[PDB]
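Here is the structure we will look at.
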Ligand SMILES: *Cc1cc2c(cc1C)nc1c(=O)[nH]c(=O)nc-1n2C[C@H](O)[C@H](O)[C@H](O)COP(=O)(O)OP(=O)(O)OC[C@H]1O[C@@H](n2cnc3c(N)ncnc32)[C@H](O)[C@@H]1O
Ligand SMILES: *Cc1cc2c(cc1C)nc1c(=O)[nH]c(=O)nc-1n2C[C@H](O)[C@H](O)[C@H](O)COP(=O)(O)OP(=O)(O)OC[C@H]1O[C@@H](n2cnc3c(N)ncnc32)[C@H](O)[C@@H]1O
Ligand SMILES: NS(=O)(=O)Cc1noc2ccccc12
Ligand SMILES: NS(=O)(=O)Cc1noc2ccccc12
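Residue numbers (this note's numbering), protein chains in the order written: chain A, 1 to 499; chain B, 500 to 993.
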């Protein structure tokens, strides 16, 4: 029944919020729909794999909030394998390389690739992290899809193809599905193209020893009986002095304030009294989550390392079920494994198959890309299709279709009377990620502390000290990268000389 | 507790389904979230207006199901006033005209406008009404917004602006918000451009005497206490022998089958056991409804008729709050009124204002367009902003953003175990309209009759005889309309 704050959702965001409030001396309850905490993070444990992240997994430099939270909880990280060569597979052939970006030899194509990434970041700098709708050309950019933007920007098929894979991989959506403004924001608020795509010095640098599900699990341990499992919230009533929150299993909770720590669209599963204001009422029907199946194929040994491949594969082509892989071998060197993502339309397409049929297709793909018959000899397989999850809606995160972010974006984290909004989607730095979940949960909690008169306004948003364990190398460019012309820029130079 | 079929939603679709099953001898229950029936139709009564439709209102030729159902319930129609001239207001000036399409005089603009409408219908002929995802170019057209298609097709700003207004008015959404495939299907499944945009001989020909709300109300009258108001459904359990349906007010209903007669996305408000299949789980997060405020300004007399204007105004440009109006005067000539729609982003923008502030803006606009100071003296005002409705999600209907119809369209009316799907969004003819609501409700009911072995498979979909009261006249084109070149076509001849 009675408490100070009800937190709806026991993912990382809700758990971070609840922990902050609890540490501050408030009486909190977490109402979680599932029989587990963690949400879009889920660490499976069994004898064949020991542990494996089937949801969110990677952390990296500049993600200082998740690193600090996890450290405080007693967790350690380890580095994802990137010792050996990466592979870019294009038009049925594999091209090994080093560094974050697949190399390009053709001079025209090089100019086009260089300009593409540069332009993504150039446009990003126009977009405020905390208010993307305030970009000078917000409306123009929001009214085109990423497909349209790539069609304008990429003068080569090679760049367009790689850029398409980049979009699919980052946001588990097709280029024609998403707003250009929103995607440009999404990349910029992660620190830009280099930071978001990189393993070493980027978002995919590390994993947690024992899995990311431990973050939510250990917070549940600290909170004890305050976390209520299998309590899906169905109804929130703010007409009276205290907020009333009802669950599906017929329980009533009474609170001063509520934090909604669920994906924005999943707010639809709750009936509101009084009704939500118009803008939020419509916003939550306009913000779908992407589509992905995370697949892990296990092997006797990490055989790819012997061929001087680290296990990273960037795989372009409609035929390929998986467009991106990483080595998922344990830091001890055992439970050898390749993690792969089946993205966007392919997640829909290949969901029809059996688990065994997907495993077969993945092994045949990996065998070709790695030029290795050993890839046809898996010892185990695990997968999770996040599209089937009633209480997630998809993965990794919420995307915005054309026109939505400028029209409805401002209400994402606008409080509704005594309801405050957390969830990674409401973050301003690494929104979409575990990092964003922590930022949003702690910010929502502090909004409530401010409303109660416990902290001053300037303490709602708080900076985070850089991790001493995971230092961030700055993102740098070369003179040539900065000043080489685009393809149309070069054509202009040609036309002017011929005058 | 126990019945044969639970119908979720007491709009026209839910009511039509429940009536059909009831008339077949089954025990039905309608569970309705609101304290009223009708859903996206709502007729307000007071002394000042007598009655006014604040939701869906118009019916016309080829909408034979809604006309038949209404007639059976004892309703009659009257004609929307289109005796005098229509107005197209462009670049701050009113241009009166007759016929469905505003005329264009510049020869280049003429070719461009002609080609736009013609191309819309040309593309539509390749889109199956019952399976738009089966169009030969389904993926190409679905991966494009209407904004992109218009940018490609329209060589003049004039055609592009009118095309844009057309999209905004038809589907209460911006051209950049909606899939080209879906929009082309939408127009085609209403019978094409002329049929959808026409008052005389089209969708806006008629209104119901006493209001469209009477359709749902009179079915509720028939069903009596089988309709349960203020029963929002929260939970559907299909794990046992009988389907269990729970409401927010704690009641439990048990049935052999369920009809979901709510907008697809409002399916999100229900917790499912077992969970929905993946495709429907994601589909219902991908399908928003449009944005509109319906506004009716009342006057002492239908003064526009004195200047040989019928009251229809097509008003281009960002500045105008309302882009389209119709005469809403009653058949007797009293309760003189102009109905206007505030569409899409303008509904979002102008919702911030007070009711009185919106009235002033509309009156000043109408004064300019009609060229009459009489527009500045309203006697009454009614409005409804459908964006604020928890149990609608918007109006008029659900739109599909780029990429969604091809990926998820097929699951719209695919049954989920013992749940069948009604609602105008699942119709194949006038989906989005009251007509589509009737089609889908009766089809879903007949799917259940077939599942029970009461009727054969070929009786699930049923043709409708043409209304005797509202017969359809054929849509025609002229030789020149069919064969005049596009702008780039004329350029290739140069
Ligand atoms: C799924 C996924 C996610 C992911 C990714 C790969 C996949 C396959 N890779 C990531 C990565 O490598 N690194 C990273 O930092 N993030 C990655 N992501 C995304 C990440 O998992 C998410 O950003 C993060 O987990 C989100 O946390 P948040 O707390 O904001 O949100 P949530 O996990 O979805 O938790 C919400 C909880 O609420 C419960 N719920 C839902 N509805 C209700 C109702 N009505 N009542 C009560 N509880 C409700 C959910 O069950 C959930 O626990
Ligand atoms: C709003 C609007 C609609 C409209 C239009 C102009 C406006 C402003 N003009 C139209 C017109 O001139 N001619 C026409 O034929 N249609 C026009 N439209 C659209 C039309 O009103 C709709 O197509 C039609 O009314 C839709 O009917 P349908 O039966 O398919 O759907 P509904 O009216 O939305 O009814 C659904 C009912 O379900 C209830 N509900 C929602 N959730 C629940 C839950 N969880 N549990 C129980 N009941 C639920 C709703 O409250 C509603 O009553
Ligand atoms: N963090 S992850 O690998 O689970 C998904 C992901 N988001 O953005 C990326 C950019 C490049 C490679 C992967 C990703
Ligand atoms: N049926 S209505 O008037 O409520 C909305 C409507 N849909 O498509 C149209 C085309 C021209 C004018 C109006 C409309």
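Idealized CB from N, CA, C, for every residue including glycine.
Pairwise C-alpha distance: residue j and residue i
i	j	result
residue 990 of chain B	residue 605 of chain B	16 Å
residue 78 of chain A	residue 185 of chain A	29 Å
residue 122 of chain A	residue 95 of chain A	29 Å
residue 113 of chain A	residue 99 of chain A	15 Å
residue 417 of chain A	residue 456 of chain A	19 Å
residue 237 of chain A	residue 272 of chain A	6 Å
residue 302 of chain A	residue 164 of chain A	29 Å
residue 118 of chain A	residue 205 of chain A	22 Å
residue 691 of chain B	residue 649 of chain B	17 Å
residue 647 of chain B	residue 399 of chain A	20 Å
residue 993 of chain B	residue 624 of chain B	30 Å
residue 840 of chain B	residue 257 of chain A	38 Å
residue 769 of chain B	residue 232 of chain A	11 Å
residue 994 of chain B	residue 518 of chain B	Because residue 994 of chain B is not part of the residues shown, which for chain B are 500 to 993, the question remains open.
residue 958 of chain B	residue 950 of chain B	12 Å
Residue range of the unbroken beta strand (DSSP E) whose run includes residue i
i	result
residue 295 of chain A	292 to 298
residue 847 of chain B	Residue 847 of chain B -> not in any beta strand (DSSP E); alpha helix (DSSP H) instead, spanning 844 to 849.
residue 589 of chain B	584 to 589
residue 382 of chain A	380 to 385
residue 751 of chain B	751 to 754
DSSP state of residue i mapped onto helix, strand, coil
i	result
residue 441 of chain A	helix
residue 170 of chain A	helix
residue 420 of chain A	strand
residue 500 of chain A	Examination of residue 500 of chain A is not possible in this model, given that chain A is present from 1 through 499 alone.
residue 261 of chain A	coil
residue 826 of chain B	strand
residue 96 of chain A	strand
residue 366 of chain A	helix
residue 2 of chain A	strand
residue 744 of chain B	strand
residue 899 of chain B	coil
residue 786 of chain B	coil
residue 339 of chain A	strand
residue 506 of chain B	strand
residue 558 of chain B	strand
residue 833 of chain B	coil
residue 458 of chain A	helix
residue 413 of chain A	coil
Limits of the alpha helix (DSSP H) - the one that residue i falls within
i	result
residue 650 of chain B	645 to 652
residue 310 of chain A	From DSSP, residue 310 of chain A is part of no alpha helix (DSSP H) but of the beta strand (DSSP E) over 309 to 315.
residue 273 of chain A	Careful: residue 273 of chain A lies outside any alpha helix (DSSP H), inside the beta strand (DSSP E) at 271 to 273.
residue 906 of chain B	903 to 907
residue 618 of chain B	606 to 623
residue 479 of chain A	479 to 483
residue 498 of chain A	Neither: residue 498 of chain A is in no alpha helix (DSSP H) and is coded neither H nor E.
Anticipated Cβ contact below 8 Å, residue i with residue j, distance rounded
i	j	result
residue 545 of chain A	residue 325 of chain A	In the structure displayed, chain A extends from 1 to 499; residue 545 of chain A sits before or after that span and is not available.
residue 436 of chain A	residue 427 of chain A	3 Å
residue 141 of chain A	residue 169 of chain A	That pair is no contact at about 21 Å.
residue 906 of chain B	residue 358 of chain A	Actually they are not in contact, since the Cβ atoms of residue 906 of chain B and residue 358 of chain A sit about 19 Å apart, beyond 8 Å.
residue 531 of chain B	residue 661 of chain B	In fact, because the Cβ distance is near 40 Å, the residues do not count as touching under 8 Å.
residue 212 of chain A	residue 43 of chain A	6 Å
residue 216 of chain A	residue 37 of chain A	4 Å
residue 528 of chain B	residue 752 of chain B	6 Å
residue 402 of chain A	residue 144 of chain A	6 Å
Uninterrupted beta strand (DSSP E) stretches inside the region 178 to 242 of chain A (no shorter than 3 residues): At a cut-off of 3 residues, the continuous stretches assigned as beta strand (DSSP E) that sit fully inside the region 178 to 242 of chain A are 206 to 208, 227 to 229, 233 to 237.
In chain order, what are the residue ranges of uninterrupted beta strand (DSSP E) at least 3 long that sit wholly in the region 19 to 53 of chain A? Restricted to the region 19 to 53 of chain A, the beta strand (DSSP E) segments that are unbroken, complete and at least 3 residues in length are 28 to 32, 43 to 46, 50 to 53, listed in chain order.
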